[PDB]
Amino acid sequence: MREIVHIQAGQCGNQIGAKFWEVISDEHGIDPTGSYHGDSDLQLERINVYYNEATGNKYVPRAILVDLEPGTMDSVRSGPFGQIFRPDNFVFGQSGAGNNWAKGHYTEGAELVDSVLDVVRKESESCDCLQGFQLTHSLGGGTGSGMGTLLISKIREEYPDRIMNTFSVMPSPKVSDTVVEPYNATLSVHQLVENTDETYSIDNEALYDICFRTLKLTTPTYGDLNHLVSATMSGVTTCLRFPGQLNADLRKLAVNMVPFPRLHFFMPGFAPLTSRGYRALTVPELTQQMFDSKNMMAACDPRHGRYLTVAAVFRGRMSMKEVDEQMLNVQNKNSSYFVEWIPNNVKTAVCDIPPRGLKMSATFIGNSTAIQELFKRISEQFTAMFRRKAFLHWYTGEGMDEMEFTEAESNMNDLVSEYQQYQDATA
Amino acid sequence: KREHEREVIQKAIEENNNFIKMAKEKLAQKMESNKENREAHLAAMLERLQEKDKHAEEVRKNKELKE
Ligand SMILES: CC[C@H](C)[C@H](NC(=O)[C@@]1(C)CCCN1C)C(=O)N(C)[C@H](C[C@@H](OC(C)=O)c1nc(C(=O)N[C@@H](Cc2ccc(N)cc2)C[C@H](C)C(=O)O)cs1)C(C)C
Ligand SMILES: Nc1nc2c(ncn2[C@@H]2O[C@H](COP(=O)(O)OP(=O)(O)O)[C@@H](O)[C@H]2O)c(=O)[nH]1
Ligand SMILES: [Ca+2]
Ligand SMILES: [Mg+2]
Ligand SMILES: [Mg+2]
């Protein structure tokens, strides 16, 4: 445990993956060239978790950029920070995955996958002690969906002893109009259940509704949604990047958050919710907000379920007494929403460095049984098409069988049944 | 898993090949049934006409039979 290898696949993966490096680069005082220009040495104490230090004391992100089309990666290379990334670490195709999981996993992705793994291997070599892997991707497309999950499976074969963690973007009919998305998403969940240690369920429905109802953006863009995603990614990784006691590594996080191996889908939360365009928040406000439904990055009502485990990260200069007071107040005021059979399931961290333009923030990470709502949604949409076998030719024309679909459908339905099991479980 | 991945791409290839094959076969079959049919139609037409010529000789011979 020390170094994290980051992989970003497909359009969504590369867009959110790019925004991630831009945000934490500024946080750790690294300019678009890779040169350090910060005020604190707290910025470099754990820099090697995400960055490789190179000759002439220049910091290179330990990032692999994957896609089955050049498009997005070209705009990432043309972008502000595209210069920070190692150019040998840009692995792309020309075909595209055409929003088809079968193309990303079996046909087109199959052709590119070993070139990615050679870059994964090279990065893994330059590691004194590799922790595991981080992947950004959407579950609704073809590349990040199909290729991303095949890359996880292949990485797991070569590194079975390491931690596999993902930032998976869930589809919403409010953001996308690609009919096949529920199919790709169910095929991807089946993979995530088996092969990941931790998954941050980033839901496009919740990101859209936050932008519309709370940020009062009439016509939200992808960059608006990605702004909330980059804030969430910066917050959920804090403990890994800065000196600290709680969840300072991927494994310690998993042991605190995962009571049952399939139940590793986290509902991230964030306070204050902001749009890209003064008024500081009190420790009590940060606490009410981070636990509020309106601040969740997954379109689930936490009050409809029970928390199995919670991680709370507070960023900035505040009272550790008051943080502790408010955290205990939240648990003691709503004790029914926290399983009694997992004693002291809420663990809190406080980090002195806040994000850009915020005096203070709070990031929540919850393993709530209410995540079954997101899975019931994708399941409702999948079953509606699959019971009439609609749009399957796109998949069977790639060599897949109805069996894979029936299996994926079953595993996700079983996962929803498991989350219910522990919601109705008493001590 | 690596086995099933291999099996799936192989099934994609065989179904595509079987498709090009069946198409090639259907066309060869149709262009031969049509060639034989059109030829048989012209043949039938010209025998009917050749028998009209045969009959005309029978008429010219029946005329010369009186002289
Ligand atoms: C006329 C159709 C519009 C474009 C589309 N409408 C729909 O999909 C609707 C609402 C119509 C029918 C039902 N359906 C769900 C739409 O609003 N969306 C698909 C948006 C996304 C769309 O919004 C607009 C207003 O353009 C896009 N946003 C960007 C964008 O943010 N571009 C940024 C760069 C980028 C490009 C692609 C990716 N994947 C990520 C980022 C650049 C801009 C300046 C920024 O930073 O916001 C591009 S298209 C999502 C969030 C609901
Ligand atoms: N939040 C967010 N969603 C995105 C973005 N790009 C694509 N998506 C979503 O991802 C899905 C399509 O997957 P995409 O990443 O474009 O395809 P891929 O390139 O084949 O992996 C749909 O649900 C889109 O709404 C992005 O930048 N941000
Ligand atoms: Ca090809
Ligand atoms: Mg695309
Ligand atoms: Mg609430």
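Protein chains in written order, with the UniProt record's numbering: chain A, 1 to 277, 281 to 430; chain B, 119 to 185. A virtual CB, placed ideally from N, CA and C, is assigned to each residue, including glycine.
Checking the 7 Å criterion, the Cβ of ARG213(A) is out of range of every heavy atom belonging to ligand 5. The C-beta distance from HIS137(A) to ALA9(A) rounds to 5 Å, short enough to meet the 8 Å contact threshold.
Comparing C-alpha distances from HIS264(A) to each of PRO287(A), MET233(A), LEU192(A), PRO70(A) shows the shortest one belongs to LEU192(A). Exclusion of the five residues before and after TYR222(A) leaves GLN15 as the residues of its chain whose Cβ lies within less than 8 Å of its Cβ.
If the five residues before and after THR372(A) are omitted, its C-beta is found closer than 6 Å to the C-beta atoms of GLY308, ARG309, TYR422, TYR425, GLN426, all from its own chain and listed in chain order. For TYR50(A), no alpha helix (DSSP H) segment is defined, and its DSSP state is neither H nor E. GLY56(A) counts as exposed, since fewer than 16 other beta carbons sit within 10 angstroms of its beta carbon. Nearest Cα to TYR159(A) within the set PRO171(A), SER145(A), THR196(A), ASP177(A): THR196(A).
With its beta carbon at least 8 Å from every one in chain B, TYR59(A) lies outside the interface. By the beta-carbon neighbour count (other beta carbons within 10 angstroms, threshold 16), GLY71(A) is exposed. DSSP places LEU44(A) in the coil class of the three-state scheme, outside both helix and strand. Here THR366(A) is near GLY269(A), since their CB atoms are less than 8 Å apart. Around the CB of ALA206(A), 16 or more other CB atoms lie within 10 Å, so the residue is classed as buried. Shown here, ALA254(A) sits in a helix according to DSSP, grouped into three states. Not a single heavy atom of ligand 3 lies less than 7 Å from the C-beta of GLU132(B). For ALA130(B), the residues of chain A that pass the 7 Å Cβ criterion are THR107, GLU401, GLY402, in the order they occur in the chain.
With a threshold of 7 Å, the Cβ atom of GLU111(A) counts as near ligand 3, since some heavy atom of the ligand is closer than that. Proximity of the beta carbon of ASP295(A) to ligand 5 is indicated: a heavy atom of the ligand is located closer than 7 Å. Short note on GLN11(A): C-beta closer than 7 Å to some heavy atom of ligand 4. Within chain A, no C-beta atom comes nearer than 8 Å to that of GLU169(B); the closest sits roughly 57 Å away. Around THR409(A), the same chain offers no residue with a beta carbon nearer than 7 Å, after the five sequence neighbours per side are excluded.
The three-state reading of DSSP puts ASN370(A) in strand, counting E and B together. Distances from the CB of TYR398(A) to the heavy atoms of ligand 1 are all 7 Å or more. Secondary structure of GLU343(A) (DSSP, three-state): coil. Residues of the stretch 108 to 140 of chain A with a C-beta less than 8 Å from any C-beta of chain B: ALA110, listed in chain order. In the same chain as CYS12(A), and ignoring 5 residues on each side of it, the C-beta atoms closer than 7 Å to its own belong to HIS137, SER138, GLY141, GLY144, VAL169, in chain order. Residue environment for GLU132(B): exposed (fewer than 16 other C-beta atoms within 10 angstroms of its C-beta). Residues of the stretch 139 to 156 of chain B that bring their beta carbon within less than 7 Å of a beta carbon in chain A are absent altogether.
Ranked by Cα distance from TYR398(A), the first of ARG120(B), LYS129(B), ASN135(B), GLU121(B) is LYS129(B).
When secondary structure is reduced to three states using DSSP, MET267(A) falls in the strand class. Only residues of its own chain outside the window of five on either side were considered, and among them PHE242, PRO243, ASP355, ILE356 have a CB closer than 8 Å to the CB of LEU42(A), listed in chain order. Contact annotation: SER188(A) and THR149(A) have beta-carbon atoms nearer than 8 Å. Contact of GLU123(B) with chain A by beta-carbon distance below 8 Å involves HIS105, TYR106, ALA110, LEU150.
Per the Cβ contact rule, the stretch 19 to 38 of chain A is in contact with the stretch 77 to 88 of chain A (3 or more Cβ pairs under 8 Å). The C-beta of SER153(A) comes closer than 8 Å to at least one C-beta of chain B.
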